[PDB]
Structure formats: C-alpha cells, structure tokens
A.B. asks: 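Okay, handing you the structure first.
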Amino acid sequence: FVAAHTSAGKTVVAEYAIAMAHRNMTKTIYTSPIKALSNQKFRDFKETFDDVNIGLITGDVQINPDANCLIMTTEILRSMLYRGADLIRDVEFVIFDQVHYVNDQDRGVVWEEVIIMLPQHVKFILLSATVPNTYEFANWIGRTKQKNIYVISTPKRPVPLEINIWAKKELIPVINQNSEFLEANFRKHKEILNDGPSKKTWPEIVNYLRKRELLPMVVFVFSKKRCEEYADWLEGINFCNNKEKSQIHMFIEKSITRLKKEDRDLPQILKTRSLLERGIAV
RNA sequence: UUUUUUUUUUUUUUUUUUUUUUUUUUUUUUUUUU
Ligand SMILES: Nc1ncnc2c1ncn2[C@@H]1O[C@H](COP(=O)(O)OP(=O)(O)OP(=O)(O)O)[C@@H](O)[C@H]1O
C-alpha cells in the first residue's frame with residue numbers, strides 16, 4: 001500500500017510490477033475508478049513499453065483481449081469475475097489506482113465486491129493520496145484476504161508550493177514553501193488596496209508572468225460562459241512564431257479527418273482552431 | 001452555477017405401405033307406319 005503526496009512518482013511502482021510480470025510470464029490488470037483516465041493510461045503505457053502487449057477493455061471499446069497487460073474498469077472486472085473467465089488463473093498482480101476517489105456510494109459497493117470475489121493467488125498493489133482513512137482500508141483487505149500488506153508513506157511533497165496574492169499590478173508572497181503564514185505581507189496587501197475582472201485585467205497578467213519565465217498557466221473559472229468571455233478578452237497575444245502554428249494546423253487537420261466532411265464546419269471547431277493557433281484554449 | 005455517459009441468456013432431424021366391407025330374386029316367332 002502506497003500513500004504518497006501528489007507528483008511524487010507513484011507510477012514507478014506500477015511499471016516495476018508490469019516488468020516483473022513480463023519477466024515471470026504472468027498477467028497484470030490495471031483498474032481506475034474513472035473511465036476518462038483509462039484511455040490516457042493506455043496511451044502512456046503503450047508509449048512506455050515496447051516488448052509488452054497492452055490491451056483495453058471498456059464499455060465502448062475492446063482492444064487486444066489476449067494481451068498480457070490489460071487496462072479495464074472496475075465494473076468490467078466485476079462482470080468478468082461473475083462470468084468466471086479463464087484468464088484470471090494467470091493473473092499475478094491487480095493494481096488499483098486513485099483509491100481515494102472510491103469513497104462514493106456508487107463507486108463503493110463494486111470495489112468491495114471485486115475485492116471480496118478475487119481468488120487467493122492474486123497479489124495487490126494500491127496507490128492513492130494522503131487521506132485520513134488509510135490504515136482501515138489496508139487492514140480490511142489484509143483481514144479479508146489473509147495476506148501481508150505493507151503501508152508506505154512519504155514525508156512531504158518533493159516539489160514545494162507557495163501561495164501568493166495579486167493586487168494592483170504586482171504579486172505579494174504571503175505563504176512560503178514551509179506553509180507558514182506571513183502576516184506582514186497580508187497587512188501590506190490590505191493597505192495598498194486602500195468586484196470582478198475588467199477588460200484590461202487578463203492582459204495585465206499574461207504579460208507580467210511572461211517576462212518572468214513562468215508562462216505555463218492554468219486559470220480556473222467556475223462558469224462555462226465566463227471562460228469564453230475571458231479568452232475572447234485576450235486580443236493581440238500570440239505564442240507561435242511561424243512553425244508551431246503550421247504544426248498545430250497539421251495536427252488538427254489530421255485529427256478531425258475521422259469526422260464527416262460536413263461535420264467539420266461546426267462553429268465550435270472553427271473557434272477552437274482559431275484559438276489554438278495562438279496558444280490559447282478553453 | 002460548478003458537478004451527472006446509462007445498455008440480460010441458448011448450436012449438427014422419434015424406426016417398418018396401399019384391402020381402410022350391412023336391410024330381402026323369376027317364365028316360348030324379323031322390319032316400317034299405326
Ligand atoms: N525518483 C524520481 N526522481 C526524479 N524524477 C522522478 C522520480 N520519480 C518519478 N519521477 C518523475 O515524476 C514524473 C511524474 O510523476 P507521477 O506522474 O508519477 O506523479 P503522481 O503521484 O502519479 O501524480 P497523481 O497524483 O496525479 O497520480 C515522472 O515523469 C518521473 O520522471
């Protein structure tokens with residue numbers, strides 16, 4: 001059982017498990033609560049491993065069912081166990097990623113049933129983040145399956161984070177990398193300021209951070225409509241000089257070939273293409 | 001105003017003909033128009 005901070009390198013354990021299974025000529029099953037992550041992990045594993053066949057089993061697709069490495073959803077595994085598939089006899093490792101996202105009601109019963117129904121020759125690898133309820137999951141699994149499981153945790157984040165506040169064309173650091181609040185900086189922030197964004201607000205930020213070599217930016221707006229307005233407010237700003245635009249255009253043109261000819265003229269596609277040529281997206 | 005994609009089961013034909021069942025009897029010479 002591994003419970004480490006985010007961006008600490010949890011995927012190294014899964015890669016080593018897959019390599020061990022390939023060396024022993026056994027099978028591995030990878031499972032995630034969310035179907036969105038399955039495709040991304042499938043692509044990542046296909047790129048990373050060249051001597052190992054990778055498969056995918058979801059409610060929409062089914063690629064290489066006979067491969068030695070399979071990525072599927074929890075309900076797919078539940079149905080497979082209920083049917084009594086013959087490939088389970090060769091499975092050595094089952095990996096559950098993002099365990100801390102399974103504390104829901106619909107996601108909870110299927111996970112417990114899958115854990116209960118698994119045979120005794122299968123070993124477990126568990127990955128998640130730091131959550132208050134960590135020892136209980138491991139204890140329950142080790143009691144139900146009567147197996148030895150080790151709980152491994154990390155002290156702190158390998159990369160540190162800081163919290164700042166922006167006000168009137170400069171940035172005030174108020175929490176440092178040690179998670180210690182700075183009262184004087186907050187007081188100065190209160191003093192210097194003595195509603196919503198304006199039309200000349202996002203340009204005032206896309207230039208200050210650009211000159212500081214901190215360009216890669218993700219802005220969180222809690223509204224579908226406000227994001228489009230904010231993106232449209234950024235006018236006369238570009239990040240592709242002459243070849244990045246051509247490469248992006250080629251990638252977009254090749255990608256949307258799978259659609260029909262009259263389905264590529266939709267306004268959303270045109271607006272996204274126009275925005276993507278300058279390095280801005282929603 | 002963020003957040004929400006749900007869809008159950010089955011495999012390759014029973015063996016020996018046509019028959020296919022009820023109310024009681026008689027007597028000695030051609031041809032046409034009559
Ligand atoms: N010991 C290490 N030293 C240097 N780099 C490392 C080390 N371990 C992992 N990395 C790098 O970390 C990068 C990404 O880390 P990773 O994706 O595993 O974080 P994570 O914990 O899985 O995030 P999440 O919470 O989303 O699951 C990898 O590309 C890897 O090169």
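The sequence lines fix the lettering, A, B, ..., with proteins before strands; numbering per chain opens at 1. Side chains are part of it too, since the values below use all heavy atoms of this structure and drop only hydrogens, waters and symmetry mates.
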A.B. asks: So that I know where these two stand, are A:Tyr30 and A:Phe45 an aromatic pair - ring centroids less than 6.0 Å apart?
C.D. replies: yes
A.B. asks: Is there a path of hydrophobic side-chain contacts, each under 4.5 Å between heavy atoms of I, L, V, M, F, W or Y residues, that connects A:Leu126 with A:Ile116?
C.D. replies: yes
A.B. asks: Report the distance from atom CZ of A:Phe220 to atom P of B:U3, rounded to the nearest whole Å.
C.D. replies: 11 Å
A.B. asks: Taking the six-membered ring for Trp, is the centroid-to-centroid distance between A:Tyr101 and A:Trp111 below 6.0 Å?
C.D. replies: no
A.B. asks: Rounded to the Å, how far apart are A:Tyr82 OH and B:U9 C1'?
C.D. replies: 17 Å
A.B. asks: Just confirming the chi classification of B:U4, syn or anti, using 90° around 0 as the syn window.
C.D. replies: anti
A.B. asks: Label B:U10 north or south, basing it on the sign of the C1'-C2'-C3'-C4' dihedral.
C.D. replies: south
